[PDB]
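Enquirer: Pasting a structure here, questions to come.
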Amino acid sequence: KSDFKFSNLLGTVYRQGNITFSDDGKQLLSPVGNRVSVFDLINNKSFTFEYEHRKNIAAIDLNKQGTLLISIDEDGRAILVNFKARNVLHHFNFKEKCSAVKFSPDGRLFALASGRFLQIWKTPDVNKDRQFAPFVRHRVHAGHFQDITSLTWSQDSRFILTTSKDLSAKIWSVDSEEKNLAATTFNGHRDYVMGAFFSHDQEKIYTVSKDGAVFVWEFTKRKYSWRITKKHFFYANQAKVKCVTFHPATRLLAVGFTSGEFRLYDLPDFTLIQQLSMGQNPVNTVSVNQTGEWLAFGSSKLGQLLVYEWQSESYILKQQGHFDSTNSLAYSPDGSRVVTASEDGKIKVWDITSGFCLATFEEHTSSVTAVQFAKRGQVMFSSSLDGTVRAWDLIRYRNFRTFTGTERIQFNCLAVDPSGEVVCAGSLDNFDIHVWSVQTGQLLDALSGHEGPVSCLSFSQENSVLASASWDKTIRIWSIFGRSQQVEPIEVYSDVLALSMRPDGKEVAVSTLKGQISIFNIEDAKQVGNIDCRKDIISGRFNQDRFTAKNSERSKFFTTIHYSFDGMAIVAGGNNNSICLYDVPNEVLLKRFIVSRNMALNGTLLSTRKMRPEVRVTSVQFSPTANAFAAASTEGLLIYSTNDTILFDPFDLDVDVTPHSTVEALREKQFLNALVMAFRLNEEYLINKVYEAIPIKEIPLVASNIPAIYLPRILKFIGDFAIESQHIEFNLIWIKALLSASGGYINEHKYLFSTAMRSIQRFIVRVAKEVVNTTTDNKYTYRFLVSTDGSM
Amino acid sequence: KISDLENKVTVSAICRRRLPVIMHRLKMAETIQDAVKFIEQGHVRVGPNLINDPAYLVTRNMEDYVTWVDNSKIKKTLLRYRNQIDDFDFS
Amino acid sequence: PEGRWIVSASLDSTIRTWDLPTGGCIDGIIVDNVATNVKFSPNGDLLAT
Amino acid sequence: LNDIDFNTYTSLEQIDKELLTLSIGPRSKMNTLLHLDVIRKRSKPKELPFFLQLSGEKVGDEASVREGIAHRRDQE
Amino acid sequence: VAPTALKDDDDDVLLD
Amino acid sequence: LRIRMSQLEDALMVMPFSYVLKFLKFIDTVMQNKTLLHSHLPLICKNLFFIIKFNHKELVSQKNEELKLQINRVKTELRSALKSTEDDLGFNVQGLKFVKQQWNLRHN
Amino acid sequence: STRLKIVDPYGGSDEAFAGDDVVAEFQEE
Amino acid sequence: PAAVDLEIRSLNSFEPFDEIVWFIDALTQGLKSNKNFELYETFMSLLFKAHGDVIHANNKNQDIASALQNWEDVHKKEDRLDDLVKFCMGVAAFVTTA
Amino acid sequence: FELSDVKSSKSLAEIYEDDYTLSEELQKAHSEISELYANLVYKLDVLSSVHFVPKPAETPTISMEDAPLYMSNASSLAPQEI
Amino acid sequence: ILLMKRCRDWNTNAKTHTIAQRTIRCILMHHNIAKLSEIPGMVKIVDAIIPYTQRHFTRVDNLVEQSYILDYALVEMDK
């Protein structure tokens, strides 16, 4: 019963376009295909704008005021968005592919590189209300005979330098009166001109070409005219200049070469500050910080992004996304970390809070089909098409064990015992489930009985029963543990594609090729509910299709399903353009999400294969924090969260309940009532007010007297609040009071408080413990130094 | 063996694995031209996935599970002539 | 759309915004012609009358 | 009351002086300072004479080897 | 100057 | 000690509650014997914890005030007995690290 | 000249040459 | 985080070790504020990492010894948090399990 | 092994020079063979793949990817291993 | 030289580490650590003592956690 909104995209950090530093220098804007991701370098946080383009983004720029961001796609369609509020402002079409966009340093005007034509337009006022037709063109310039490679603004907002494919750099005057001041075309380059820049004093102009030559231009007598006083050359053996940037204040030239290496130079002396290689792929984009200490690099081929502090020779950011689509995803049991698997065969570990890749594994030769954690969470297991199942420690980041069949059986699904001692994997060719011993690595036995390939597997977290599904049109429940072995087959109407296990372990859901989600009672093996999905799914006609989408039967089934940890919801995904969230007890659709709207993706709307990328979702899972769910898709890992909570979703209001009324109860020292009243209103700001205003002395009194119904909610609030809050001791006092007073009730109903209490454990473990670990060693380190005898 | 691998591999062998070629052996279609029409119109599914491209080659493990699509009008004809149309299965 | 506000129009030629959490009118307008209809956009950025 | 008037609230810098409180910032900072050194070590990027003075078995002078006759300080 | 414009030597020989 | 670990938990699992109360009395008797406890502190701890987990809802039912006092003493000596061990472990590792660094500086 | 004049609803309301020494390069050739 | 380290070894290590004594009193006063706890704690750790040998060699010195003792006199007080964290997770570890 | 039966291009000083300054040629041969397989892997993949399959892809180099930075190598080794 | 060889071996076994730790504690506090670091072979023996000591420290700390079940008994049974 919660509202999920797209928050961020993990697994992809840069796809193409120009990266730009925020004016404050603390944030980096990386264009990610159809959207743009913003990274908080200082706070080490990341998020993605919700607004999206029709086609992959081409260019972006943010104003020095930091209020406006412009994004233009390959079709020239421009989207204007308020940076601060993250809301779209206006939609416009410039009707031509815009190579680059740059705001004037004043911010009043911005320039667009359109073919061989330069356009200068006026910036709308953010303060003014929404305008129907805000954009007005200041001027258009037609000097170049070929496409404009790039453009550079003067520091005074009076001149703009453009480098075009005519082997010519051409300067302009923003003011018509100042046309005589700057109406020069600079020639001499032997190859395409990449970048023209102004000196800080602006007397000197530096021009750079793809061949790797830098010309220094000065206005001097031979009466006065521009001349090439000095010439420099990049003597790269074969690498060609791909991107160039200049920082006039500190005189830095950062150049990315096509070989995949960049050089840092000091002008005009041409001193090579440093040279480094980020790989064999070309360096596509380079941007420089406002202060000039941080230099960011982007290569599209492997989707690489790196932020470099050349001052200290340190890496602020070093992140690279999957080359292939993410085949599967799995959250850490606490939800702090998520692991992703791609068709390449490489596994990457991501942190939810930071949104950054901590480590990557390359051991698997072929595509990794599935990934899963043990109940304890220290260990992660994976199965790949190469014919191996590999066990990974996430504390020490090592593959401590590998499992394989006798004949190198291809594995497509995997499941792990809650005890973390038995593993079961399934194959699309062998029809039999292989079982290994985690401790020993030997094949215990093979669970046979399926007349079809085993599509998916799962262990009950509590009962430890195994449920297996296939294209056999049946489900089999295996009681592997115990002196006696048994199999319980249940028949289903159609081929099974996906299976999810109830955290209680009493029910199982299965998705069939007919487009049905059927739920069965494990202990009895009878159906308990059935949900339709065929109508709800949205599938777009492919460009190659010769048959209509409505008549199409390509994908009206969900290839991945999972429950909510509370146990009342299912999120389902498949080879389609939709994510559907259902409400299990009564079989209805809660909400539906459009995974993508990129026109490039095929499903959005005799010698050669007509294959083009298509929108599809490989896997879906809920957050153990019960506030988000993530879906693996072609573009990357989409995460939808309920964090913002702008909705007013009260519980048990009465006329007496009012935000104003609550405050007197605080003023009237009636803390218990104020807390209960605030929860009834269910407003975070009011709850936070009451929570922080309760004195420490009265906490045990309030905790003992809280009604049972509000106990799960308050516990969830503290856990979610504490993980980022600074009042650990205040929070830790609250949990001690709550656990001491109501712990017995929690034990009586473990499932009701499962999600909330897990968040509490995360706070106690992932931050609180680290504090004492740093505190305790200092104490012992202290004692040794004082107690130990000093050296001779 | 490898020496066999040098000469065993042939264009005909690769063409033999062509899905349009294959179902002809399975007798789904009279002729290869009938086959390429059916796949383009979208009646033939390999495993759980629909294929509309003739040039697809079916690997051996998927060879068994090439079949028509459930709501194909063709299949409705298949069960009709043999008189086993079951409308619950919608096929 | 967020369920926090109610906007109502009446024959007295006024449009009033009501904040449900506090249960009070927060904004008031006077229209020349009585607004017979009022509707929020699904996004909420627009109000149609 | 303006915070109520805008349906917002800002957590206090410190609820009480006796109560311990950390810095107002990301929690990964503490980890970074403690292990800053190793981060630096990992982050570092990856790396004749005309009269040749050759003697011994390589030049066929096995007699010198039998009779017993047989650069880091440069690198520094 | 461009129209677009805005608006001791210590010896190295030493005693050891 | 003689009981095998593989069967310890089950032997402790077969334990009747009224008998369990007596096992707590035994742990008390061990506790006055400081040296004997220190010799075999870890094994005592695991058995106690499992028993408390085993009959947690029964123990809370018991309201004998004297039984509170038996419970209270078992820690403050146990906590002190434990607390000494980590401190000794903490003292060793810190100095042992420090000696490592000094040689490293000397040889690097 | 050198700036396009377009009369459109969105607009239309209202050279120096520098190069390298090629003759010296050619004389070098 | 770098700039914090850019300094901390740069602190001078002669006798009378005034700056080191000065810097220690800073962390001593900082802990008393009960604010920015983690940052203050990690700063002292870096001190021992960079100048621990300096401290141990002259641990008999009165000026340094007094500063350390006061820091302990503060530092001993914040051992309550150890009890609270260590209590809750055990009760938590039990409540979910049994 | 086969011994060359023709005149050696290198002069005795050159081979003596070579001695002064398992096999690089052997690792080169691995590289092409891996390259050939990657190309061959991609081709048979794309023809038999249901979905889109992307085509597989001095100076000091930055390590693009790591196996975490803050983690220490010593801490990654078990006491038994040490 | 002889002793820390023995304590190293003793430290490996959890059933006997406690004796080893106290002996190491005695030496560090009744000797000049500067002299210790100079002796050849200490560092290599000292190499092995860090990980096992850390393992023991990680353990036991966990046992004190399991002691805090008892607080729940007292507070609950106090009710």
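Protein chains in written order, with full-length UniProt numbering: chain X, 2 to 223, 245 to 627, 670 to 856; chain H, 93 to 183; chain D, 595 to 643; chain F, 702 to 748, 756 to 778, 786 to 791; chain V, 2 to 8, 37 to 45; chain G, 810 to 917; chain L, 726 to 739, 757 to 771; chain E, 842 to 939; chain S, 398 to 418, 426 to 461, 470 to 479, 481 to 495; chain B, 737 to 815.
Even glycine gets a Cβ: it sits at the ideal position worked out from N, Cα and C.
Return the residue from the list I792(X), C99(X), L10(X) that minimises the CA-CA distance to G18(X).
Expert: Minimum Cα distance to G18(X) is reached at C99(X).
Enquirer: Only counting runs of 3 or more residues, tell me where the beta strand (DSSP E) segments fall wholly within the stretch 306 to 383 of chain X, in order along the chain.
Expert: Qualifying beta strand (DSSP E) stretches, in chain order: 307 to 310, 316 to 321, 326 to 331, 336 to 342, 348 to 353, 359 to 364, 369 to 373, 379 to 383.
Enquirer: Taking C-beta pairs closer than 9 Å, name the residues in chain S that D853(X) reaches, listed in chain order.
Expert: Within 9 Å Cβ-Cβ: nothing; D853(X) doesn't reach chain S, min ~28 Å.
Enquirer: Report yes if the C-beta distance between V617(X) and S697(X) is below 8 Å; otherwise report no.
Expert: Yes. Within cutoff.
Enquirer: Just checking: is the beta-carbon of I80(X) within a distance shorter than 8 Å of some beta-carbon in chain L?
Expert: No, its Cβ sits nowhere closer than 8 Å to a Cβ of chain L.
Enquirer: So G213(X) contacts chain L; which residues on that side make the cut at Cβ distance below 8 Å?
Expert: Near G213(X) there are no residues of chain L at all, since even the closest Cβ is about 16 Å away, more than 8 Å.
Enquirer: Between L612(X) and the rest of its own chain, which residues show a CB-CB distance below 6 Å, the 5 nearest in sequence each way excluded?
Expert: So the list reads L603, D605, once near-sequence residues are dropped.
Enquirer: Between which residues of its own chain and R610(D) is the CB-CB distance below 6 Å, once the five residues before and five after are set aside?
Expert: Cβ neighbours of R610(D) beyond the five flanking positions: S602, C619, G622.
Enquirer: According to the neighbour-count rule (16 or more other Cβ atoms, all chains shown, within 10 Å of its Cβ), is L905(G) buried or exposed?
Expert: Label assigned to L905(G): buried.
Enquirer: Who does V158(H) pair with in a DSSP beta bridge?
Expert: In the DSSP output, where bridge partners are listed per residue, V158(H) has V138(H).
Enquirer: Using a Cβ cut-off of 8 Å, pull out every chain X residue sitting near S886(E), in sequence order please.
Expert: Residues of chain X passing the Cβ test: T838, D841, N842, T845.
Enquirer: Considering only residues of the same chain and omitting the five flanking positions on each side of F759(F), which have a CB-CB separation below 7 Å?
Expert: Once the five neighbours on either side are set aside, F759(F) has no close Cβ partner at all.
Enquirer: So for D605(X), helix, strand or coil by DSSP?
Expert: Strand at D605(X).
Enquirer: Residues of chain X with CB closer than 9 Å to the CB of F900(G), please, in chain order.
Expert: What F900(G) touches in chain X: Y844, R847, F848, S851.
Enquirer: From what residue to what residue does the alpha helix (DSSP H) around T789(B) run?
Expert: Note, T789(B): alpha helix (DSSP H), 778 to 803.
Enquirer: Note down, in chain order, every chain X residue with its Cβ under 7 Å from the Cβ of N768(B).
Expert: Correct list: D853, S855, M856.
Enquirer: Relative to the alpha-carbon of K855(G), which residue among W746(B), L799(B), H792(B), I769(B) has its alpha-carbon at the smallest distance?
Expert: Answer by Cα proximity: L799(B).
Enquirer: Please compile the residues from chain H whose C-beta is within a distance smaller than 8 Å of the C-beta of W316(X).
Expert: None at all; the shortest Cβ gap to chain H is about 46 Å.
Enquirer: What residues in its chain sit with their C-beta under 6 Å from that of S522(X), if we drop five residues either side in the sequence?
Expert: Only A531, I583, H584, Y585 meet the Cβ criterion.
Enquirer: Considering only the alpha carbon of each residue, which of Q342(X), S354(X), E575(X) lies closest to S164(H)?
Expert: The shortest Cα separation from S164(H) among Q342(X), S354(X), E575(X) belongs to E575(X).
Enquirer: What residue from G625(X), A594(X), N624(X), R117(X) has the CA that sits closest to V610(X)'s CA?
Expert: The shortest Cα separation from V610(X) among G625(X), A594(X), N624(X), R117(X) belongs to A594(X).
Enquirer: Does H892(E) get closer than 8 Å to chain X when you measure Cβ to Cβ?
Expert: It does not: the Cβ of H892(E) has no partner Cβ on chain X nearer than 8 Å.
Enquirer: Within 8 Å of any Cβ in chain F, is that where the Cβ of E879(E) sits?
Expert: Yes - at least one Cβ of chain F is within 8 Å of the one on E879(E).
Enquirer: Just how far apart, CA to CA, sit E97(X) and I601(X)?
Expert: Between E97(X) and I601(X), the C-alpha separation is close to 34 Å.
Enquirer: Which same chain residues, not among the five before or five after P525(X), have their C-beta less than 8 Å away from its C-beta?
Expert: So the qualifying residues of the chain are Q483, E484, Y585, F587, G589, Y815, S818.
Enquirer: For chain X, check one thing: does any of its Cβ atoms lie closer than 8 Å to the Cβ of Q910(G)?
Expert: It does not; no Cβ of chain X falls within 8 Å.
Enquirer: Measuring alpha carbon to alpha carbon, tell me which residue in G463(X), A801(X), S449(X), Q549(X) is nearest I497(X).
Expert: Here the closest residue by C-alpha is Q549(X).
Enquirer: For a quick check, are the C-beta atoms of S350(X) and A392(X) less than 8 Å apart?
Expert: Yes, the pair counts as a contact, with Cβ atoms nearer than the cut-off.
Enquirer: Looking only at C-alpha atoms, which of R159(X), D291(X), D148(X) sits nearest to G116(X)?
Expert: For the residues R159(X), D291(X), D148(X), the minimum Cα distance to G116(X) belongs to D148(X).
Enquirer: So for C265(X), helix, strand or coil by DSSP?
Expert: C265(X): strand per DSSP, three-state reduction.
Enquirer: Between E812(B) and chain X, is any beta-carbon pair separated by less than 8 Å?
Expert: Answer yes: the Cβ-Cβ gap between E812(B) and chain X drops below 8 Å somewhere.
Enquirer: Let me know the secondary structure DSSP gives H753(B) once reduced to three states.
Expert: In this structure, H753(B) counts as helix in the three-state DSSP scheme.
Enquirer: Sorted by chain position, which residues of the same chain lie with C-beta nearer than 8 Å to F22(X)'s C-beta, five sequence neighbours on each side aside?
Expert: Only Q28, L29, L30, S309, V310, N311, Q312, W316, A318 meet the Cβ criterion.
Enquirer: Taking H142(X) and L162(X) to be in contact with their CB atoms under 8 Å, please state how far apart those CB atoms are, rounded to whole angstroms.
Expert: About 12 Å separates the two Cβ atoms, so there is no contact after all.
Enquirer: Mind listing the chain X neighbours of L922(E)? Cutoff is C-beta to C-beta under 9 Å, in chain order.
Expert: By Cβ distance, chain X contributes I792, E793, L796, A832, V835, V836, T839.
Enquirer: Work out the CA separation of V681(X) and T348(X) for me, nearest whole Å.
Expert: Those two C-alpha atoms are separated by around 9 Å.
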